[PDB]
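**Student:** Below is one structure. I have some questions about it.
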Amino acid sequence: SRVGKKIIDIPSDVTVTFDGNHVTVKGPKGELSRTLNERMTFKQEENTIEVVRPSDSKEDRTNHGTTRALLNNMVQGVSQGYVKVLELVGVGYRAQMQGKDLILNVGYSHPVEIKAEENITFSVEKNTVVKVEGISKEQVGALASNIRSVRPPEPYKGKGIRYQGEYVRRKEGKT
Amino acid sequence: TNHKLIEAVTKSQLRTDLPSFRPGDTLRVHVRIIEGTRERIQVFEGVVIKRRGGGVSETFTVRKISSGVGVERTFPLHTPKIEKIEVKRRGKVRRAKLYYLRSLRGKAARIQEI
Amino acid sequence: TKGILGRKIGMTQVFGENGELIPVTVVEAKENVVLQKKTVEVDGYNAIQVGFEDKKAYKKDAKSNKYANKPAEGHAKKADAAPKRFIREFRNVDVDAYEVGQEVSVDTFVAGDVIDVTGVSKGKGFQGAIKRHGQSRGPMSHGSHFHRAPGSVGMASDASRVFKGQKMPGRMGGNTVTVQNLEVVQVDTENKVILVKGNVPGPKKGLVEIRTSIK
Amino acid sequence: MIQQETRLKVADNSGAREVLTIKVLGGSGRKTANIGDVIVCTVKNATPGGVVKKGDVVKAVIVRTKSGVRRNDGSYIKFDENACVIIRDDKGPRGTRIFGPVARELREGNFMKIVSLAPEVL
RNA sequence: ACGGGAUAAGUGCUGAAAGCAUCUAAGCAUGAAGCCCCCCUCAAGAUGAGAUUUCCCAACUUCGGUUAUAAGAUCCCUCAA
RNA sequence: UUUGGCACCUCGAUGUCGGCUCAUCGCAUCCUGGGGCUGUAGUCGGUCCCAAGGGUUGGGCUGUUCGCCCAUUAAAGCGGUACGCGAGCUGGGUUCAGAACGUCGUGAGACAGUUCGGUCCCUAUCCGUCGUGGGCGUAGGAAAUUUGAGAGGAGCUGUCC
């Protein structure tokens, strides 16, 4: 519950406008609205901003940090790209690429197929450098942190969906 | 009809070429065993027990000893899956059905001609 | 979609394809006419109303019911029609497709479809409970006095009473059934019956209301 | 109608002569059976000599019940007794000079082996 | 049989207290022969008494009260799905 | 839900262990189901959690409570309800009067140490549950078809490809 060293939340050329309780990421790359909060009154003087902390209640000061870090995620991702690099391995059962999709010869009854995503760039450099470029942590950081769990690296062989900063471990392989 | 309506339909599916007889007879029956390979025919030979009321329900039964082993076959009388039939012979019977011969073997199971 | 009415007459068997024997039921649907066309804001629910079989017309000293009555005719004549004898409704089907005054035909269906029949049980009478329900009885020897009747009726003095939902004996009777997922076999249009795989509720010359199944 | 506690004949040359049944396997609660099925049983009369001797537990397979059957033909096959035949957890029997008639409804049973081993098949 | 949901168990994911972080204190999804909808039957005595269509209408006559009366019912009678 | 202790209700009677037939609620789950987790690569074994919706053999051997066994099964659960239910069934058993044995008792007799045998009443008045009708009413009357407030029922599996 220790998060408050950074509470700045400065905007960029992307414009943090309002739509009521809603708040709109606009500008060079934007047009994505989302409600910051109710009490957390946000304000931008010319190009700097920071979440007002009214009364610093438990709820209010947690909402300060929500809106701060989430608008930071916005001005990070909708402006630059919430870009997360990862790799892939699927071995023996014919886990094969299909460009913007995939197939596995898991070789069940029926080998079973896989697909790509929407509004997020799945930029493949060499079929194992996949950049996932989106807009924020809550949902697309959830994408980056769930693609690893989609088919994660099973330890005793090591096939699955890895980050650039991930590894494979092993198991006491005793039936 | 209110009453002939069924036969009015099913005379369609009915079959016609087949002969006439009465049980108490000695018969051969060419039958279209459709295995997984082909529609191979064979003949059963037997002795007619019975047959009952008309239509598709007209349906009959024969007896035959395999290996000292009494065996029975009992068939729709209008199926397509017969090739053909022959009255190999006949016999002077007095029943309409022949169940007192489901037990007996040999000269016990003796039969008269026509 | 595609409901229809009739009455049942008989069971039979058929050598269909493959020399395959198939037991079947014959269904004389006939003069199946529309008699109203309900609606969602007129009559509250977009739906239709249908009659099956015409009958004798208005007369006098109608001591029985082969004839009709004043409003019977007054409803039969909204559209151009005759004295029906059996009338129902349908909510499943599309109606704007249809048109009042039609006489929807047995040919509406084809052989090789899925259907959920609806009819009635025959009904039998007042029955013991091993009949009315699948209860297996008690001894008939080794000196017994518990042959067909049931035994227990509930719990002990605690709950000094007898719960509802018992399966006591009672009246075994005709009642509603919705058979499901059945087969269409051949669609006559001269005598206009249908043949359907297997059996259905009800006795001979009873009644049936069929429609397209789904699942 | 076949049930356990029932006296079944054999028609092979393994060393058994007559058996009766313990079980009718299949599913939890399964009672009865007919041609095309696998059972366990025990021998109340063994053939002198032979492999399989009296008072012994055995598996076996059905043939030619008197509760004969009816097929998708719409037609019927019956007999005037019943019989079983004894196997080796492989669809492979012990006695190999099978007597008497047998049905055709056990090709599906994958005793085609046994059918080739058999006399006339029906 | 499911198919949906909301769900569990859970499982993957950003925040300020308690100046990092992180699988409900807001997500996301998820998923149980759990729930709910899924389906089948009974159901306007559902004393609230629903809804539609048709038909009736006392001539007298507060059309009351009358004989009547009509839509309509039943009495009776031949039967059984 | 053990063995007990207290002696309140009941001795002008609340009258029987078992089993049969029926049930019916729980969960502290046996199967299935899911997840996680291990001295689990999956399985394994095991573990933790979610889980009660349902389902949960048949014979042999003891009145015996009981357990043991033979074959299956996905399993072959634990409990609660006057040790679930006898104005629904049997009574095997125990308790009746006979008799026998062993032990003890001077003996009458007792034990329990056993054994054979030995009589289970009720025309349902109320509530209650299964159904069946009658009455009446639903601001006009009659026929037919209807929406459904809700209520009930339904969901087990395993196998081959």
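Please note that chains go A, B, ... in the order of the structure tokens, that every chain numbers its residues from 1, and that ligands are numbered from 1 in the order shown.
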Which residues are close to residue 135 (chain A), i.e. within 7 Å by only C-alpha atoms (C1' of nucleotides), leaving aside same-chain residues fewer than 3 positions away? Reply as a short mmCIF file (atom, residue, chain, number, x, y, z; two decimals) with N, CA and C atoms, in the first residue's frame.
**Tutor:**
```cif
data_model
loop_
_atom_site.label_atom_id
_atom_site.label_comp_id
_atom_site.auth_asym_id
_atom_site.auth_seq_id
_atom_site.Cartn_x
_atom_site.Cartn_y
_atom_site.Cartn_z
N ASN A 73 -0.79 6.01 -17.49
CA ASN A 73 -0.90 4.91 -18.44
C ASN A 73 -1.49 5.38 -19.75
N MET A 74 -2.45 6.31 -19.69
CA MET A 74 -3.08 6.83 -20.90
C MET A 74 -2.09 7.65 -21.72
N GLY A 77 0.30 5.34 -23.30
CA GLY A 77 -0.06 4.36 -24.29
C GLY A 77 -0.78 4.92 -25.50
N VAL A 78 -1.74 5.81 -25.27
CA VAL A 78 -2.46 6.37 -26.40
C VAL A 78 -1.57 7.36 -27.12
N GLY A 81 2.21 4.50 -27.09
CA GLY A 81 2.00 3.08 -27.30
C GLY A 81 2.37 2.30 -26.07
N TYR A 82 1.39 1.60 -25.49
CA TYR A 82 1.67 0.70 -24.39
C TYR A 82 2.30 -0.53 -25.02
N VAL A 140 -4.71 -3.34 -21.28
CA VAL A 140 -3.72 -3.84 -22.24
C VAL A 140 -2.44 -4.25 -21.53
#
```
**Student:** Could you work out which residues of chain F fall inside 12 Å of chain A? Count only C-alpha atoms (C1' of nucleotides), and format the result as a PDB file with C-alpha atoms (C1' of nucleotides), in the first residue's frame.
**Tutor:**
```pdb
ATOM      1  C1'   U F  38       3.541 -31.580  -4.094  1.00  0.00           C
ATOM      2  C1'   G F  39       9.243 -35.254  -2.479  1.00  0.00           C
ATOM      3  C1'   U F  40       2.752 -33.652  -9.222  1.00  0.00           C
ATOM      4  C1'   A F  41       6.479 -33.130 -16.323  1.00  0.00           C
ATOM      5  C1'   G F  42       0.123 -35.256 -17.116  1.00  0.00           C
ATOM      6  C1'   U F  43      -1.085 -39.470 -14.687  1.00  0.00           C
ATOM      7  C1'   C F  44       0.753 -40.010 -10.304  1.00  0.00           C
ATOM      8  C1'   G F  45      -0.020 -40.624  -5.057  1.00  0.00           C
ATOM      9  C1'   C F 161     -14.274 -43.211 -33.590  1.00  0.00           C
TER      10        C F 161
END
```
**Student:** Using only C-alpha atoms (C1' of nucleotides), find the residues of chain F whose closest atom to chain C is at most 7 Å away, then write them as a PDB file with N, CA, C and O atoms (P, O5', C5', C4', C3', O3' and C1' of nucleotides), in the first residue's frame.
**Tutor:**
```pdb
ATOM      1  P     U F  21     -36.792 -53.171  -0.108  1.00  0.00           P
ATOM      2  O5'   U F  21     -38.163 -52.386  -0.020  1.00  0.00           O
ATOM      3  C5'   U F  21     -39.347 -52.965  -0.533  1.00  0.00           C
ATOM      4  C4'   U F  21     -40.529 -52.067  -0.306  1.00  0.00           C
ATOM      5  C3'   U F  21     -40.344 -50.635  -0.764  1.00  0.00           C
ATOM      6  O3'   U F  21     -40.606 -50.473  -2.144  1.00  0.00           O
ATOM      7  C1'   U F  21     -41.255 -50.667   1.418  1.00  0.00           C
ATOM      8  P     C F  22     -40.097 -49.161  -2.908  1.00  0.00           P
ATOM      9  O5'   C F  22     -40.081 -48.059  -1.767  1.00  0.00           O
ATOM     10  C5'   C F  22     -40.059 -46.683  -2.072  1.00  0.00           C
ATOM     11  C4'   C F  22     -40.905 -45.894  -1.107  1.00  0.00           C
ATOM     12  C3'   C F  22     -40.366 -44.524  -0.744  1.00  0.00           C
ATOM     13  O3'   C F  22     -40.718 -43.533  -1.688  1.00  0.00           O
ATOM     14  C1'   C F  22     -40.844 -45.691   1.223  1.00  0.00           C
ATOM     15  P     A F  23     -39.723 -43.188  -2.895  1.00  0.00           P
ATOM     16  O5'   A F  23     -38.300 -43.119  -2.199  1.00  0.00           O
ATOM     17  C5'   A F  23     -37.863 -41.922  -1.591  1.00  0.00           C
ATOM     18  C4'   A F  23     -38.648 -41.579  -0.357  1.00  0.00           C
ATOM     19  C3'   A F  23     -38.343 -40.217   0.208  1.00  0.00           C
ATOM     20  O3'   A F  23     -38.997 -39.212  -0.527  1.00  0.00           O
ATOM     21  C1'   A F  23     -38.528 -41.802   1.958  1.00  0.00           C
ATOM     22  P     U F  81     -31.086 -38.539  14.769  1.00  0.00           P
ATOM     23  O5'   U F  81     -32.534 -38.320  14.166  1.00  0.00           O
ATOM     24  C5'   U F  81     -33.156 -37.059  14.305  1.00  0.00           C
ATOM     25  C4'   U F  81     -34.387 -36.944  13.454  1.00  0.00           C
ATOM     26  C3'   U F  81     -35.350 -38.114  13.506  1.00  0.00           C
ATOM     27  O3'   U F  81     -36.180 -38.069  14.657  1.00  0.00           O
ATOM     28  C1'   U F  81     -35.009 -37.434  11.261  1.00  0.00           C
ATOM     29  P     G F  84     -33.427 -44.863  13.560  1.00  0.00           P
ATOM     30  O5'   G F  84     -33.966 -43.720  12.602  1.00  0.00           O
ATOM     31  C5'   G F  84     -34.320 -42.457  13.131  1.00  0.00           C
ATOM     32  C4'   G F  84     -35.516 -41.880  12.422  1.00  0.00           C
ATOM     33  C3'   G F  84     -36.688 -42.825  12.271  1.00  0.00           C
ATOM     34  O3'   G F  84     -37.484 -42.855  13.437  1.00  0.00           O
ATOM     35  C1'   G F  84     -36.245 -41.781  10.210  1.00  0.00           C
ATOM     36  P     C F  85     -38.141 -44.228  13.939  1.00  0.00           P
ATOM     37  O5'   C F  85     -39.236 -44.512  12.842  1.00  0.00           O
ATOM     38  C5'   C F  85     -40.251 -43.559  12.665  1.00  0.00           C
ATOM     39  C4'   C F  85     -41.238 -43.981  11.618  1.00  0.00           C
ATOM     40  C3'   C F  85     -41.725 -45.410  11.714  1.00  0.00           C
ATOM     41  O3'   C F  85     -42.815 -45.527  12.602  1.00  0.00           O
ATOM     42  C1'   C F  85     -41.146 -44.872   9.471  1.00  0.00           C
ATOM     43  P     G F  88     -52.394 -48.573   9.373  1.00  0.00           P
ATOM     44  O5'   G F  88     -51.041 -47.873   8.924  1.00  0.00           O
ATOM     45  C5'   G F  88     -49.781 -48.507   9.078  1.00  0.00           C
ATOM     46  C4'   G F  88     -49.425 -49.353   7.881  1.00  0.00           C
ATOM     47  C3'   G F  88     -48.666 -50.633   8.153  1.00  0.00           C
ATOM     48  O3'   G F  88     -49.494 -51.685   8.603  1.00  0.00           O
ATOM     49  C1'   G F  88     -47.664 -49.508   6.363  1.00  0.00           C
ATOM     50  P     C F  89     -48.868 -52.901   9.442  1.00  0.00           P
ATOM     51  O5'   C F  89     -47.865 -53.592   8.421  1.00  0.00           O
ATOM     52  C5'   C F  89     -48.365 -54.292   7.295  1.00  0.00           C
ATOM     53  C4'   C F  89     -47.444 -55.393   6.839  1.00  0.00           C
ATOM     54  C3'   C F  89     -46.855 -56.249   7.930  1.00  0.00           C
ATOM     55  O3'   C F  89     -47.746 -57.274   8.310  1.00  0.00           O
ATOM     56  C1'   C F  89     -45.150 -55.571   6.479  1.00  0.00           C
ATOM     57  P     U F  90     -47.269 -58.418   9.317  1.00  0.00           P
ATOM     58  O5'   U F  90     -46.267 -59.296   8.461  1.00  0.00           O
ATOM     59  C5'   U F  90     -45.862 -60.554   8.950  1.00  0.00           C
ATOM     60  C4'   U F  90     -44.378 -60.751   8.849  1.00  0.00           C
ATOM     61  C3'   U F  90     -43.704 -61.215  10.111  1.00  0.00           C
ATOM     62  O3'   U F  90     -43.864 -62.605  10.277  1.00  0.00           O
ATOM     63  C1'   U F  90     -42.399 -59.570   9.014  1.00  0.00           C
ATOM     64  P     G F 128     -55.670 -29.148   6.909  1.00  0.00           P
ATOM     65  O5'   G F 128     -54.620 -30.326   6.800  1.00  0.00           O
ATOM     66  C5'   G F 128     -53.274 -30.096   7.159  1.00  0.00           C
ATOM     67  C4'   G F 128     -52.417 -31.289   6.860  1.00  0.00           C
ATOM     68  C3'   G F 128     -52.428 -31.714   5.420  1.00  0.00           C
ATOM     69  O3'   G F 128     -51.655 -30.858   4.620  1.00  0.00           O
ATOM     70  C1'   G F 128     -52.585 -33.607   6.776  1.00  0.00           C
ATOM     71  P     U F 129     -51.580 -31.126   3.058  1.00  0.00           P
ATOM     72  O5'   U F 129     -50.603 -32.362   2.980  1.00  0.00           O
ATOM     73  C5'   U F 129     -49.751 -32.509   1.873  1.00  0.00           C
ATOM     74  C4'   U F 129     -49.947 -33.837   1.229  1.00  0.00           C
ATOM     75  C3'   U F 129     -50.783 -33.832  -0.021  1.00  0.00           C
ATOM     76  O3'   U F 129     -50.052 -33.409  -1.145  1.00  0.00           O
ATOM     77  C1'   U F 129     -51.360 -35.668   1.345  1.00  0.00           C
ATOM     78  P     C F 130     -50.814 -33.167  -2.521  1.00  0.00           P
ATOM     79  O5'   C F 130     -51.357 -34.606  -2.933  1.00  0.00           O
ATOM     80  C5'   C F 130     -50.529 -35.485  -3.669  1.00  0.00           C
ATOM     81  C4'   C F 130     -51.242 -36.736  -4.099  1.00  0.00           C
ATOM     82  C3'   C F 130     -52.264 -36.569  -5.200  1.00  0.00           C
ATOM     83  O3'   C F 130     -51.675 -36.526  -6.482  1.00  0.00           O
ATOM     84  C1'   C F 130     -53.162 -37.904  -3.488  1.00  0.00           C
ATOM     85  P     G F 131     -51.718 -35.172  -7.333  1.00  0.00           P
ATOM     86  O5'   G F 131     -53.222 -34.682  -7.171  1.00  0.00           O
ATOM     87  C5'   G F 131     -54.161 -34.796  -8.223  1.00  0.00           C
ATOM     88  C4'   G F 131     -55.067 -35.980  -8.042  1.00  0.00           C
ATOM     89  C3'   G F 131     -56.426 -35.869  -8.697  1.00  0.00           C
ATOM     90  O3'   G F 131     -56.395 -36.155 -10.075  1.00  0.00           O
ATOM     91  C1'   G F 131     -56.640 -36.753  -6.512  1.00  0.00           C
ATOM     92  P     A F 143     -71.290 -20.521 -21.700  1.00  0.00           P
ATOM     93  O5'   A F 143     -70.702 -20.383 -23.163  1.00  0.00           O
ATOM     94  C5'   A F 143     -71.261 -21.122 -24.228  1.00  0.00           C
ATOM     95  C4'   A F 143     -70.362 -21.084 -25.421  1.00  0.00           C
ATOM     96  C3'   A F 143     -68.917 -21.406 -25.134  1.00  0.00           C
ATOM     97  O3'   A F 143     -68.669 -22.792 -25.047  1.00  0.00           O
ATOM     98  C1'   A F 143     -69.033 -19.480 -26.467  1.00  0.00           C
ATOM     99  P     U F 145     -61.639 -23.906 -26.173  1.00  0.00           P
ATOM    100  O5'   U F 145     -60.594 -22.780 -26.559  1.00  0.00           O
ATOM    101  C5'   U F 145     -60.071 -22.782 -27.864  1.00  0.00           C
ATOM    102  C4'   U F 145     -59.351 -21.514 -28.206  1.00  0.00           C
ATOM    103  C3'   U F 145     -58.052 -21.298 -27.477  1.00  0.00           C
ATOM    104  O3'   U F 145     -57.007 -22.050 -28.052  1.00  0.00           O
ATOM    105  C1'   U F 145     -59.290 -19.282 -27.532  1.00  0.00           C
TER     106        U F 145
END
```
**Student:** Pull the closest atom pair for each residue of region 1-57 of chain E that gets at most 12 Å from region 134-137 of chain F, along with the distance in Å to one decimal, counting only C-alpha atoms (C1' of nucleotides), ordering rows by chain and then ascending residue number, as CSV.
**Tutor:**
```
residue,atom,partner,partner_atom,distance
E:45,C1',F:137,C1',8.4
E:47,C1',F:137,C1',7.6
E:49,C1',F:137,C1',8.1
```
**Student:** Selected residues, N, CA, C and O atoms (P, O5', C5', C4', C3', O3' and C1' of nucleotides), written as a PDB file, in the first residue's frame, please.
**Tutor:**
```pdb
ATOM      1  P     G E  45     -60.348 -17.205 -11.593  1.00  0.00           P
ATOM      2  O5'   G E  45     -60.125 -16.756 -10.090  1.00  0.00           O
ATOM      3  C5'   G E  45     -58.887 -17.008  -9.458  1.00  0.00           C
ATOM      4  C4'   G E  45     -59.062 -17.258  -7.991  1.00  0.00           C
ATOM      5  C3'   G E  45     -58.466 -18.555  -7.479  1.00  0.00           C
ATOM      6  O3'   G E  45     -57.104 -18.431  -7.126  1.00  0.00           O
ATOM      7  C1'   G E  45     -60.701 -18.400  -6.799  1.00  0.00           C
ATOM      8  P     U E  47     -56.748 -14.376  -5.779  1.00  0.00           P
ATOM      9  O5'   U E  47     -57.735 -13.155  -5.512  1.00  0.00           O
ATOM     10  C5'   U E  47     -58.958 -13.010  -6.221  1.00  0.00           C
ATOM     11  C4'   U E  47     -59.854 -11.938  -5.649  1.00  0.00           C
ATOM     12  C3'   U E  47     -59.530 -11.480  -4.245  1.00  0.00           C
ATOM     13  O3'   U E  47     -60.084 -10.187  -4.060  1.00  0.00           O
ATOM     14  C1'   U E  47     -61.585 -12.562  -4.218  1.00  0.00           C
ATOM     15  P     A E  49     -58.667  -7.685 -11.442  1.00  0.00           P
ATOM     16  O5'   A E  49     -58.830  -9.266 -11.353  1.00  0.00           O
ATOM     17  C5'   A E  49     -59.259  -9.996 -12.482  1.00  0.00           C
ATOM     18  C4'   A E  49     -59.606 -11.418 -12.146  1.00  0.00           C
ATOM     19  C3'   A E  49     -61.020 -11.850 -12.493  1.00  0.00           C
ATOM     20  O3'   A E  49     -61.165 -12.255 -13.840  1.00  0.00           O
ATOM     21  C1'   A E  49     -60.496 -12.519 -10.289  1.00  0.00           C
TER      22        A E  49
END
```
**Student:** Could you please tell me, as a ChimeraX atom specification, which residues of chain A have an atom within 10 Å of chain E when using only C-alpha atoms (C1' of nucleotides)?
**Tutor:** /A:1-7,56-70,72-73,136-150
**Student:** Include N, CA, C and O atoms and write out the residues we just selected as a compact mmCIF listing (two decimals), in the first residue's frame.
**Tutor:**
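File part-v7.txt, as written:
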```txt
# COMPACT_ATOMS: atom_id res chain seq x y z
N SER A 1 0.82 -1.21 0.00
CA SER A 1 0.00 0.00 0.00
C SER A 1 0.85 1.26 0.00
O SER A 1 0.46 2.31 0.52
N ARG A 2 2.03 1.14 -0.59
CA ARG A 2 3.06 2.16 -0.61
C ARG A 2 3.32 2.51 -2.07
O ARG A 2 3.97 1.75 -2.80
N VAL A 3 2.76 3.63 -2.51
CA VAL A 3 2.77 3.97 -3.92
C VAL A 3 3.05 5.45 -4.18
O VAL A 3 3.18 5.86 -5.34
N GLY A 4 3.14 6.26 -3.13
CA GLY A 4 3.04 7.70 -3.28
C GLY A 4 4.31 8.49 -3.50
O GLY A 4 4.30 9.70 -3.24
N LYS A 5 5.39 7.89 -3.99
CA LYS A 5 6.59 8.67 -4.29
C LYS A 5 6.37 9.51 -5.53
O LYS A 5 6.84 10.65 -5.61
N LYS A 6 5.65 8.97 -6.51
CA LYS A 6 5.32 9.67 -7.75
C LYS A 6 3.83 9.98 -7.78
O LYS A 6 3.00 9.06 -7.81
N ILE A 7 3.48 11.26 -7.75
CA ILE A 7 2.09 11.71 -7.80
C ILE A 7 1.95 12.87 -8.78
O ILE A 7 1.03 13.68 -8.67
N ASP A 56 -7.59 13.90 1.31
CA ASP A 56 -6.74 12.71 1.43
C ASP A 56 -7.37 11.63 2.30
O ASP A 56 -6.72 11.03 3.16
N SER A 57 -8.66 11.37 2.07
CA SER A 57 -9.33 10.26 2.74
C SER A 57 -8.70 8.95 2.29
O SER A 57 -7.85 8.91 1.41
N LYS A 58 -9.11 7.85 2.91
CA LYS A 58 -8.66 6.55 2.43
C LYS A 58 -9.07 6.36 0.97
O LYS A 58 -8.22 6.20 0.08
N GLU A 59 -10.38 6.45 0.70
CA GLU A 59 -10.88 6.31 -0.66
C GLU A 59 -10.35 7.42 -1.56
O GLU A 59 -9.96 7.17 -2.70
N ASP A 60 -10.32 8.66 -1.06
CA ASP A 60 -9.94 9.79 -1.90
C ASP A 60 -8.47 9.71 -2.30
O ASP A 60 -8.12 9.99 -3.45
N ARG A 61 -7.60 9.31 -1.38
CA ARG A 61 -6.18 9.26 -1.67
C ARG A 61 -5.82 8.01 -2.47
O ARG A 61 -4.82 8.01 -3.19
N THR A 62 -6.60 6.94 -2.34
CA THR A 62 -6.44 5.82 -3.28
C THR A 62 -6.93 6.20 -4.67
O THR A 62 -6.32 5.81 -5.67
N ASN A 63 -8.00 6.98 -4.75
CA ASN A 63 -8.47 7.43 -6.05
C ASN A 63 -7.53 8.45 -6.67
O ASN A 63 -7.44 8.50 -7.90
N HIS A 64 -6.85 9.25 -5.86
CA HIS A 64 -5.78 10.10 -6.37
C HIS A 64 -4.78 9.28 -7.14
O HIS A 64 -4.44 9.60 -8.28
N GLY A 65 -4.30 8.20 -6.53
CA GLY A 65 -3.29 7.40 -7.19
C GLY A 65 -3.83 6.61 -8.36
O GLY A 65 -3.12 6.42 -9.34
N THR A 66 -5.09 6.16 -8.27
CA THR A 66 -5.71 5.53 -9.44
C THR A 66 -5.70 6.47 -10.62
O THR A 66 -5.16 6.15 -11.68
N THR A 67 -6.28 7.66 -10.45
CA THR A 67 -6.39 8.59 -11.56
C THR A 67 -5.02 9.05 -12.04
O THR A 67 -4.79 9.16 -13.24
N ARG A 68 -4.08 9.25 -11.11
CA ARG A 68 -2.74 9.66 -11.49
C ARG A 68 -2.06 8.59 -12.34
O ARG A 68 -1.67 8.85 -13.48
N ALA A 69 -1.92 7.37 -11.80
CA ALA A 69 -1.23 6.33 -12.55
C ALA A 69 -1.99 5.91 -13.79
O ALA A 69 -1.38 5.50 -14.77
N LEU A 70 -3.32 6.03 -13.79
CA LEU A 70 -4.09 5.60 -14.95
C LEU A 70 -4.03 6.63 -16.06
O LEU A 70 -3.91 6.27 -17.24
N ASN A 72 -1.46 8.47 -16.34
CA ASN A 72 -0.10 8.23 -16.77
C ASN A 72 -0.05 7.08 -17.76
O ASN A 72 0.65 7.16 -18.78
N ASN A 73 -0.79 6.01 -17.49
CA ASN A 73 -0.90 4.91 -18.44
C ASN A 73 -1.49 5.38 -19.75
O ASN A 73 -1.08 4.93 -20.83
N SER A 136 -2.92 1.28 -22.24
CA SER A 136 -2.98 1.38 -20.78
C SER A 136 -2.63 0.06 -20.12
O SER A 136 -2.55 -0.99 -20.76
N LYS A 137 -2.46 0.11 -18.78
CA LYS A 137 -2.11 -1.08 -18.01
C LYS A 137 -3.31 -1.92 -17.62
O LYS A 137 -3.25 -3.15 -17.75
N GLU A 138 -4.40 -1.29 -17.16
CA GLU A 138 -5.55 -2.02 -16.63
C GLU A 138 -6.05 -3.08 -17.61
O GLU A 138 -6.20 -4.25 -17.24
N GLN A 139 -6.26 -2.70 -18.88
CA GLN A 139 -6.72 -3.64 -19.89
C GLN A 139 -5.61 -4.18 -20.77
O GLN A 139 -5.58 -5.38 -21.00
N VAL A 140 -4.71 -3.34 -21.28
CA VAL A 140 -3.72 -3.84 -22.24
C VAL A 140 -2.44 -4.25 -21.53
O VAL A 140 -1.70 -5.10 -22.04
N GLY A 141 -2.15 -3.68 -20.36
CA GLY A 141 -1.22 -4.34 -19.47
C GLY A 141 -1.78 -5.66 -19.00
O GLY A 141 -1.05 -6.63 -18.81
N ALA A 142 -3.11 -5.73 -18.84
CA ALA A 142 -3.74 -7.02 -18.61
C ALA A 142 -3.60 -7.94 -19.82
O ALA A 142 -3.42 -9.14 -19.65
N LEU A 143 -3.61 -7.39 -21.04
CA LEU A 143 -3.33 -8.21 -22.22
C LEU A 143 -1.90 -8.74 -22.19
O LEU A 143 -1.66 -9.92 -22.42
N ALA A 144 -0.95 -7.84 -21.97
CA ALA A 144 0.45 -8.24 -21.94
C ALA A 144 0.73 -9.23 -20.82
O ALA A 144 1.59 -10.10 -20.97
N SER A 145 0.02 -9.11 -19.70
CA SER A 145 0.20 -10.00 -18.57
C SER A 145 -0.70 -11.22 -18.62
O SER A 145 -0.60 -12.07 -17.72
N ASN A 146 -1.60 -11.32 -19.60
CA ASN A 146 -2.39 -12.53 -19.82
C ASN A 146 -1.94 -13.34 -21.02
O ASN A 146 -2.20 -14.54 -21.06
N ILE A 147 -1.32 -12.71 -22.02
CA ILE A 147 -0.75 -13.48 -23.13
C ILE A 147 0.32 -14.43 -22.61
O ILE A 147 0.51 -15.52 -23.17
N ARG A 148 1.02 -14.05 -21.55
CA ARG A 148 1.98 -14.94 -20.92
C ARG A 148 1.30 -16.16 -20.31
O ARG A 148 1.90 -17.24 -20.29
N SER A 149 0.07 -16.00 -19.82
CA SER A 149 -0.69 -17.08 -19.21
C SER A 149 -1.52 -17.86 -20.22
O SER A 149 -2.08 -18.90 -19.87
N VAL A 150 -1.65 -17.35 -21.45
CA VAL A 150 -2.42 -18.03 -22.49
C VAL A 150 -1.89 -19.45 -22.70
O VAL A 150 -2.64 -20.43 -22.66
```
**Student:** Would you pick out the contacts of residue 200 (chain C) at 12 Å or less, using only C-alpha atoms (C1' of nucleotides), so that residues sharing its chain but fewer than 3 positions from it are not included, and give the list as an MDAnalysis selection string?
**Tutor:** chainID C and resid 7:11 23:27 115:122 176:180 182:183 195:197 203:204 206:210
**Student:** If you run DSSP on the backbone here, which positions in region 76-208 of chain C get helix (DSSP H, G or I)? Please write them as a ChimeraX atom specification.
**Tutor:** /C:76,106-108,129-132
**Student:** Per residue of chain D within 6 Å of chain B, record the nearest atom pair and its distance in Å to one decimal, counting only C-alpha atoms, with rows in chain order and ascending residue number, as JSON lines.
**Tutor:**
```
{"residue": "D:75", "atom": "CA", "partner": "B:75", "partner_atom": "CA", "distance": 4.8}
{"residue": "D:76", "atom": "CA", "partner": "B:74", "partner_atom": "CA", "distance": 4.8}
{"residue": "D:77", "atom": "CA", "partner": "B:73", "partner_atom": "CA", "distance": 4.8}
{"residue": "D:78", "atom": "CA", "partner": "B:72", "partner_atom": "CA", "distance": 4.9}
{"residue": "D:79", "atom": "CA", "partner": "B:71", "partner_atom": "CA", "distance": 4.3}
{"residue": "D:80", "atom": "CA", "partner": "B:70", "partner_atom": "CA", "distance": 5.4}
{"residue": "D:100", "atom": "CA", "partner": "B:67", "partner_atom": "CA", "distance": 5.1}
```
**Student:** What does the distance between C1' of residue 75 (chain F) and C1' of residue 1 (chain E) come to in Å, to one decimal place?
**Tutor:**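 A separation of 24.2 Å between them.
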